[PDB]
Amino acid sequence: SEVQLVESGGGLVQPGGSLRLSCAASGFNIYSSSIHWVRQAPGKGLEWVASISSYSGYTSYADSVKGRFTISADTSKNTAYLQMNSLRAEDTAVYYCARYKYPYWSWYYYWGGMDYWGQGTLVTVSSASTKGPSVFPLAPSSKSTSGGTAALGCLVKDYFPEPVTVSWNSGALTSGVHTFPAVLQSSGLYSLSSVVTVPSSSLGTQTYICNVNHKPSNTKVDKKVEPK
């Protein structure tokens, strides 16, 4: 609650480009602690990247980032940094910063693990340019009606990069909504679908609009969905 970490600096860059991440700390002092960087690609496990310990003058790097990444700390403003050079497409992941409570010494390794984590920031390394999505409606028909329940949605096709956010009626509709994880098509573009189940009788009175926001491309689309 009082101890927290806020990250910043992610984005999309070309292979060979550079990025600099930040990890700002509150509720404790970085000079008397240790900061770690851990990354997670979509739908996979966790992988440690780098570590720094100010009070003991200690730094360490994973083999898969040696000679490319640099970790550092600014004690005067309680912030740690991760300079990432020579980025590859396989570096695409969510990057976290975590705290180790005490300074690090090899003979004191047994003091525990990582107790506080930041929210994370997304890093995408690609040669493709940003592209906004096309929003197509999935109109409720007789083919999408089982009993008193009917289904409808929109299709968010051909955008890059991740992510997108989707809501229904500006957030006023939450019950029965399913937004599916995006898939990477063979064209190198993403595609997503979001649906909502509603009573069939309500197709006459209630209005249904899906709100799509793709901030990487500054794309905002409000699409009304109605029966064919």
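Don't overthink the numbering: it's just position in the shown sequence, from 1.
Of the two segments examined, 61-69 and 197-205, it is 197-205 that shows the higher average Cα temperature factor in the deposited entry.
For the pair 41-49 and 22-30, the mean B factor over Cα atoms is greater in 41-49.
Of the candidates 84, 139, 97, 125, the one whose C-alpha carries the top B factor in the deposited record is 139. Ranked within its chain, residue 165 lands in the middle third, by CA B factor from the PDB record. For residue 147, the recorded CA temperature factor ranks within the highest third of the chain's modelled residues.
Annotation for residue 158: CA B-factor lies in the highest third of the chain's modelled residues. Residue 103: CA B factor in the lowest third of modelled residues in this chain (values from the PDB entry). Per the PDB record, residue ranking by Cα B-factor puts residue 75 in the highest third of the chain.
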